[PDB]
Structure formats: structure tokens, C-alpha cells
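Residue numbers (the authors' numbering): 294 to 340.
Idealized CB from N, CA, C, for every residue including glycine.
#1: How big is the Cα-Cα spacing for residue 332 and residue 326?
#2: When you compare only the Cα positions, how much space is there between residue 336 and residue 314?
#3: Tell me where the alpha helix (DSSP H) around residue 316 begins and ends.
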């Protein structure tokens, strides 16, 4: 029961941190895409 409890705690913590890492790399990809947006926007401004 205690073994199962700590295993459930570790599993839910791993799931939470996995969702966090997923949204973190998604935010990193969207930030790279926003930097590309800024580059293309500077190109649009020069045009």
C-alpha cells in the first residue's frame, strides 16, 4: 500500500513533468517561429 502510494506519486509527478516538458518544447518551437516571424517582418519592413 505504501509502495503503491509512492509509485502512484512518482507516476503522477512524472506525468506532470512530462506534460510540462512537452509544453516547454512547444513554447521553444513557437519562440523560434516567432523569431522567424520577426526576421520575415524585418524583411517585410525593408521591402
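On the basis of the data shown:
#1: Going by the C-alpha atoms only, they are around 10 Å apart.
#2: About 33 Å.
#3: That run of the alpha helix (DSSP H) goes 295 to 339.
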